[PDB]
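Encoded as structure tokens, the following chain is the form solved without 2-phosphoglyceric acid (2PG), with no partner shown.
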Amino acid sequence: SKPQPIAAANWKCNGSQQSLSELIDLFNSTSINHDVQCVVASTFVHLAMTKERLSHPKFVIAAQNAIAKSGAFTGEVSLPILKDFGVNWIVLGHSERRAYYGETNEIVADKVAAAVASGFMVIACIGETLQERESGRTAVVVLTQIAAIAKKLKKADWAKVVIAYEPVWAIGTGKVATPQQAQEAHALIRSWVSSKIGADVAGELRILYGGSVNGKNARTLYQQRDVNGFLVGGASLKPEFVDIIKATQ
């Protein structure tokens, strides 16, 4: 059995009014006949356009990032401002933020906890780099990451967490991940949850894959045992995203 799958569009730092309104239009015309939760994470700027125009009832909108408290933090957006704006989903600890914007395990854990304390649904990203994969440190790394997040949550909190596995080693490295490798990483995450938190938490937990998914490979990836959906990059800006959602049947 699988828990309810998730198809999440990570638009990243992209979009214009025209192009995004067109995409939201396709989305609104789409028949989604099964139980999938579709999630659109736009830039802070486009949240209002998005919120207003996406009318399809299988789609929720999400923010790509946030900080815990409001205040003197010029240029940043806090969880409280997001909640007031009526945004209940968030992406946290994405690899790009970990690589470029100084987010350590500890910072991610803290944000996830704040988000969780305020009532958000979080997609928490984890993943190891090339050097880590190569020296055979995959399990150590990913589990070290998960445990940092886990260290801040209560068992009940897991109901609001969704984990996304990013194969950093294969993103921009000229390396390629196979479905089997994706499965081997997700099975590692899920066993840890099982032993450490509980087979109850472990069986309900969604684990999304966040490597390269396109409409061609999506189905083979979803077919794997421990894959519950996708955190999609590039293809989420294309009509092809529709094929990715259909792949979670």
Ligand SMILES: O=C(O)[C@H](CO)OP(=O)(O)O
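Only residues modelled in both forms are compared. If you superpose the two forms and keep the largest set of C-alpha atoms that fall within 1.5 Å, you have the rigid core. We number the residues from 1 along the sequence you see.
Although not depicted, the form deposited with 2-phosphoglyceric acid (2PG) bound is the subject of the following passage.
Comparing 134-142, 165-173, 114-122, 77-85 against 2-phosphoglyceric acid (2PG) in the entry with it bound, the single stretch with non-hydrogen atoms within 4.5 angstroms of it is 165-173. For the options 43, 224, 30, 212, the one in contact with 2-phosphoglyceric acid (2PG) in the entry with it bound, meaning a heavy atom within 4.5 Å, is 212. When contacts are judged by a 4.5 Å heavy atom cut-off, residue 228 does not count as touching 2-phosphoglyceric acid (2PG) in the entry with it bound. Contact check for residue 234: a non-hydrogen atom falls within 4.5 Å of 2-phosphoglyceric acid (2PG) in the entry with it bound. Residues from 1-31 that approach 2-phosphoglyceric acid (2PG) in the entry with it bound with a non-hydrogen atom closer than or equal to 4.5 Å are 10, 12, in the order they occur in the chain.
Looking at CA displacements between this form and the one not shown with the core superposed, a shift of 2 Å or more is confined, among 117, 171, 150, 81, to 171.
CA of residue 137 to CA of residue 173: farther apart by 3 Å or more in the entry with it bound than in the shown form. Taking the core as reference, just one block of three or more adjacent residues between this form and the one not shown has all its Cα positions offset by 2 Å or more: 169-176.
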